[PDB]
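Notes to accompany the following structure.
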Amino acid sequence: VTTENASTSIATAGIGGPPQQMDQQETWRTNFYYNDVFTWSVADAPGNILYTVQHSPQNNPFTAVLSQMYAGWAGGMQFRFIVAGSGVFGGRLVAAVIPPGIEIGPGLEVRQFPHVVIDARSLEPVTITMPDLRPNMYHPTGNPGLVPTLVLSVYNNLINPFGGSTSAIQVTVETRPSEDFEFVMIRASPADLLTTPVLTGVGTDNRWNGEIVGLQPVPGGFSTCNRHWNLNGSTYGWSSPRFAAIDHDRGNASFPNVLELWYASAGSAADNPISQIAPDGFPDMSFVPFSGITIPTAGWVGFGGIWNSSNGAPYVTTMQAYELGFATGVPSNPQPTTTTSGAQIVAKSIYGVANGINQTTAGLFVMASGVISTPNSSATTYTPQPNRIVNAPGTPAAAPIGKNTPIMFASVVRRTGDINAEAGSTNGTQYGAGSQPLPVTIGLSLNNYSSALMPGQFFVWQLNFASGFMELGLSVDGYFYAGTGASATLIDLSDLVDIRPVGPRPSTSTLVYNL
Amino acid sequence: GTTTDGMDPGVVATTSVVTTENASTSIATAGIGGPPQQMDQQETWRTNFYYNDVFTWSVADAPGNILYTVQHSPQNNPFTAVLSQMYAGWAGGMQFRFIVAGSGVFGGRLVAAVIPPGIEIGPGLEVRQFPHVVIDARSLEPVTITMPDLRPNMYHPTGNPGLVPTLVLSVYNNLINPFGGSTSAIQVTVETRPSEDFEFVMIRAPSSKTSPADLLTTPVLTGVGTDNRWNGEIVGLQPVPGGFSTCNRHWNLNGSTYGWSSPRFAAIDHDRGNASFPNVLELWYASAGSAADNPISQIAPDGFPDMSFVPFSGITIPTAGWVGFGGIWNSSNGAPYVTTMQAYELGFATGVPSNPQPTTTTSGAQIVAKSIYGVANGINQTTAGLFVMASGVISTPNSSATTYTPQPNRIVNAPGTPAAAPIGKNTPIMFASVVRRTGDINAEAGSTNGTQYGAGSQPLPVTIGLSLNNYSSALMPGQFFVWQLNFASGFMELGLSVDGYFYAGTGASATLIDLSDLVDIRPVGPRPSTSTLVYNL
Amino acid sequence: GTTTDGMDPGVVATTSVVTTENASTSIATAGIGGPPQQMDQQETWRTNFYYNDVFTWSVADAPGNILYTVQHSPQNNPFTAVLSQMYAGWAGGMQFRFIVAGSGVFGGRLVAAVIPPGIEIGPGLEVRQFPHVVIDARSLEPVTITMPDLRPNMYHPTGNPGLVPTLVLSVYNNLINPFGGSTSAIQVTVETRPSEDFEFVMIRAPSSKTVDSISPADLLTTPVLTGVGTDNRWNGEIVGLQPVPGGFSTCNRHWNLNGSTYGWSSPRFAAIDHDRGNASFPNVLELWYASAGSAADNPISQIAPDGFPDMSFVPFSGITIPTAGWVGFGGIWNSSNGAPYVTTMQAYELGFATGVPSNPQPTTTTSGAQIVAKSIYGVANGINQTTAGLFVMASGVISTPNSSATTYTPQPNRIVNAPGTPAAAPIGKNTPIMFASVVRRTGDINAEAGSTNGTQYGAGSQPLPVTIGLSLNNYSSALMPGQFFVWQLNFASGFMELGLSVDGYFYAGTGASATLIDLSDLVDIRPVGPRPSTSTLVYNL
């Protein structure tokens, strides 16, 4: 593994003392080791760039380990490419080393640099050596300076004479340091957000606080801002990453076995530091009108009541299971709404209270872990539906990207019609939906991930089942995506074994769904 | 003599265990793993001494007291620890350099010896009857001691080295300060350097796995984690000088529990029970040991609180009772009796078909729920179901706040549950959070009516971690795993036992400790349980 | 051993970074600039050691605490800095001599090491895991340590040298006094001389300027603070330093180290003049006002006319006199022809206020605000005009209702700043300070200093010469983010350190105190150079 400029590199690296870790018989620098992997699809046009890497010791695991205790490095590195194709594919790739000071972009003519050619049917690996073309005498670890770059681009487009569901292949990259690599001057990503316990039975969703049991695709698309954080440490909702009792002090309560009706105007929660739209914990679902004996369907119900705002004492005769929601113009006519601007928050008991109370000013106290109201023992579709979600203005939306569809996390929740059916019951199963897992939301609200991902990429994890595996992507806005296409069937997580991170991937690349 | 460079060992003190035969045999036998790696003798990381540790020598240390002791390991040098991540075996010796920061007026001496493998290290080990070296407190130049690699195997795998020698430094004669006063301690700095025969073999992947350090991380106690009884954000630490016990939602370091609940808060639901009301107070009850639908245990339904029942009748409101919102539902079809929805109080009581009496033993007891307010209309049924929420509140007759609950006498535990008792100056503590009270459902923190605190035994993430993973070999019986909590002014130590109880060095005090000034948590590791934890607050 | 001469290095201590390969490579690569200059080995300026700095060592310093840092530069020697004015490049190492003024009864050790370039210097640096040397507190002869030139460039340009190594000295073991008592500290002196391979290249004309400035050493010279320089807000002679433990912000007439400003004024005091505004008086108090963001004639910014004070407006009416308000003498002039309304000449108060067509309310944000001037005394005759001009003087006074003096103004809550202005906050034991001068007050226009009625102090953020220098020259490469450029102020009893950041705020090591520091005993100012911003500045007063 020789280079054309080894002598000058070694001579000029002497400014930092004698070379270190330069024993040529060492095991860590005689073999190739895995570095990375990328995707090559039939949609890639000729001249498009598929892989780019800057020269650094971070391209080999053992050089990365050894760089923890050294302040400088010099020398080149050898790269190896392994293509996992078959005999029916056709196409070529080209790889070249770009000297420093040359712009890298779509208008780069890799085919006119000194290069090598990689075939889609190639069995033996193709190697290329990147020398250390540097304007400095050595590369300090903190501020390496100008370095050359390795660029991979399509030479001839990939073709599949069969045609079907196989439109992409994978290419593996392995590295090995050159003979002239050396160290001098001895010195002293959101990968952990989604770990296996989060989805194997410990983590819970951020809307119903129930154990996640499935993944529900949403081909139409949806939006969510209550208890939902992006990758910039900001939120558009009014709740904190916890489930604590909903408590408001000033509101209008009246009942004109009677149904107590409490309501208030939005934008009046001065005691909530996160936002003033609603008290912390208030659900972001629309209000379903009901009266008399009729029981509303798919409504958020919490146990609680009214309390005296003068001294904090509770009206013991108003304890019941109320339904909470957002509605507009409800001093007399209940009408659902999905916009917090110029709206009202309404709570109304679904059962007759012991005795009604008329007060101009009164407080509301409800629990945050609610249930779903249903008129009978039969189960309904997963709720809340995309048309029932209430969001603040300026909340970004999640839309399908090619064959990638945003999904929700589905858990099992109780229903009033039958409070005994949990799973496998003859009366059906009821599923609530959330946008993010609670540990993921807490992690996004605590730490900063504003530089780990660029706009237009997904951070991908791999979920491994007994039969095959699947990929799960996370965007910068905080929505999760799966490669389920236009299907809407619930995905079961019973057979999940472990979760393996993958990393940043283009958002226009279809995620693998081998189930 | 006042200047020492990075390659000077100083005075070379020799012990009889250092022989040429040992080094030659070690080098010859280490070849089973292939050619040696990282063996160049001119590398900078091998020729220099580097800082390893520091300890304190006080005038109050009796002769024989051990001041420093380490097992032979690549972890004793900063640069061998880095290189050990990519190798699967090692062999050879290591040198230890000691610098004493004393003066010419001090007296006292230290003794150092190398303990051969297979010998227990403890207070009963007499170092001075082994071959040893004596070092004076007036030493100006460094003194270097070499630990040879005495091993019955060909090499030490990084996964489990096996039998290894041990280096021990102890007090030979007491430190003497002729002037007396406030100056009564000196420091000793330890630096290490590998021997000429040290080597690595069998390169491996850096991300290859061969302690419960990650259980207690800063977010758990800075405002994210919650307690395992009231599901509220932990805000304080309450010492319990008397001692207590707890088994509901509480795991040990062996992956076992003595309670009946799972590490979560989900609605309490039971199907078969007796309900009667002889604005009326509905009374539901059932016999313990009848929860056939609960796989964890049959004592009670999952989520049922482990607090005793406080009797009450008429207008009188019970004090310090667990109250949950819910009611009765028809066990025949699962439909709920809509006229019985109210805030009930739940508890364990014995012989309550007519006379309420509290109890703290699940053996031959009953589970009782009773509404504290008048329901819309009572229901009489021989068989009925109970449905309550798991996140309860504390019942109080007025707006005033009471002491932290549940008190140690109110906790109900299954037979065979181990207890937590003070050990010297180490006292078990509980995690205190803020909970609502019925008398005033608006006071949260800083209110003029007082603050109400609920107590739990373990944080919820810690309980989940103990219930998922196995830690049955990380800690020996009689040691505490210690973390360090760093505040703005000073720091404190927190210990965890094998039974799962937390301990602090608060002595006999009982004042609540505030966690508002907490900055970060740093793990320390295993320590003897009879060593007083530092409480510099 | 008890006597040391200027050419004696004492005990020579070396580390692993001093190698033959480094010296040979440095000498070979330095040849791109031609033959070396100033290599006469018998010159006095090369053979003797000269003073660099003195620092203290206390018994309360824990191991790992950093006591002394220095960045490799020709400015570290008095004679190499002078010679650097006529050359375009340099290369080579430097020798550092340490003398410890200890005694035979003390204990404890120090540790020194050379830090390669590209490594941050701060509390997280473990000096003892580098190649290092240990020095006892009982050392009698001096100890010399050599810093080699570890550089990624062939040579260091005079303007922008590039990356250089650093020398750090920290505590190895605690200093101990066996007797105890009140004696708990000793002192260490550092001296420097160039190594045998130090050289200059490419002689240049002394009057030529380097694209990037060497360092802002000449910005803060002794005349600036001994009675000649003035502050940038009240144009008064600086007489004190006022610590601000709470923290503050300032953008009007305030420049950073990048040649940019966030205010609207120029580094001068010239008459405030605006042409279009609304004047009305509904002995009467004339009230003129205008909307912010309408100063189209001001090239620096459109927020306000050049010279307009950045203080909030204090409401007042009738006989009540506002307290701590900016008052300037002037009036209204006819915007049609430029003639002045001679009947409106009076001492007005100027400020920033929001929504004042009827209700005066103070504000501290220039976004969506208004500029308001209102006379504090009755004018000869009022004038009603829809459009009129305002002409005021820039050197104002402080309005007070009586002869008593008040606290220093403007307070941090009164300062008005544009959006995007960075703030100054305490860093460990380093607190931002303001420069305090003596200003007149309306209640008593005769009390200057030592009066029985009290002394009134105005405050500014930067001295005027410093602001002018920052606005003229470029210092965007002399300091890295996270370091302070430190000067030393020498008084009759002890000395103190003063740091300057990249944002342009000054810092002192006064901790949490807020007492004014007197500059009467100042003798001279000596530059020190770049230092970590997390290192406590010496305050031996």
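Note on naming: letters A, B, ... go to the chains in the order of the sequence lines (proteins, then strands), and numbering restarts at 1 for each one.
- Looking at A/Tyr70, the atoms closer than 4.5 Å to chain B (heavy atoms on both sides) all sit in the side chain, from C-beta outward.
- When all heavy atoms of A/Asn257 and B/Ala376 are compared, the pair lying nearest together is OD1-CB, 4.3 Å.
- Other residues, nucleotides and ligands contribute over 12 non-hydrogen atoms within 6.0 Å of the CD atom of A/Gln24.
- Only the backbone of A/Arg187 comes within less than 4.5 Å of a heavy atom in chain B; its side chain stays farther off.
- When heavy atoms are compared at a cutoff of 4.5 Å, B/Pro35 does not approach chain A at all.
- The parts of A/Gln21 that come within reach of chain B are both its backbone and its side chain, each placing non-hydrogen atoms under 4.5 angstrom from that chain.
- Heavy atoms of A/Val202 lying under 4.5 Å from chain B belong exclusively to its side chain.
- Other residues, nucleotides and ligands place no more than 12 heavy atoms under 6.0 Å from the CG atom of B/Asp214.
- Atom OG of A/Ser369 and atom CG of B/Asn231 lie 8.0 Å apart (nearest 0.5 Å).
- With a 4.5 angstrom heavy-atom cutoff, B/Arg204 touches chain A only via backbone atoms.
- Interface residue A/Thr27: backbone and side-chain heavy atoms are both found under 4.5 Å from chain B.
- Only the side chain of B/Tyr50 has a heavy atom closer than 4.5 Å to any heavy atom of chain A.
- Residue A/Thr416 touches chain B through its backbone alone, counting heavy-atom pairs closer than 4.5 Å.
- Minimum heavy-atom separation, A/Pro314 to B/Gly439: CD-O, 4.3 Å.
- Only the backbone of A/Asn311 comes within less than 4.5 Å of a heavy atom in chain B; its side chain stays farther off.
- Using a 4.5 Å cut-off between heavy atoms, A/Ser445 makes no contact with chain B at all.
- B/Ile372 contributes atom CD1, which lies 7.5 Å from atom CE of A/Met319 (distance to the nearest 0.5 angstrom).
- Counting only heavy atoms from C-beta outward, the side chains of A/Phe62 and B/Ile203 approach each other to under 4.5 Å.
- Looking at A/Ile419, the atoms closer than 4.5 Å to chain B (heavy atoms on both sides) sit in the backbone and in the side chain alike.
- Judged by distance alone, with hydrogens and angles left aside, the side-chain atoms of A/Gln20 form no donor-acceptor pair with the main-chain N or O of B/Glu43 at under 3.5 Å.
- Using a 4.5 Å cut-off on side-chain heavy atoms (C-beta onward), B/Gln342 and A/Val316 make no contact.
- Interface remark: of the candidates A/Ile186, A/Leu446, A/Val353, A/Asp418, A/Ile186 forms the most heavy-atom pairs closer than 4.5 Å to chain B.
- More than 12 non-hydrogen atoms from other residues, nucleotides or ligands lie less than 6.0 angstrom from CZ of B/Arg46.
- For A/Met185, no part lies under 4.5 angstrom from a heavy atom of chain B.
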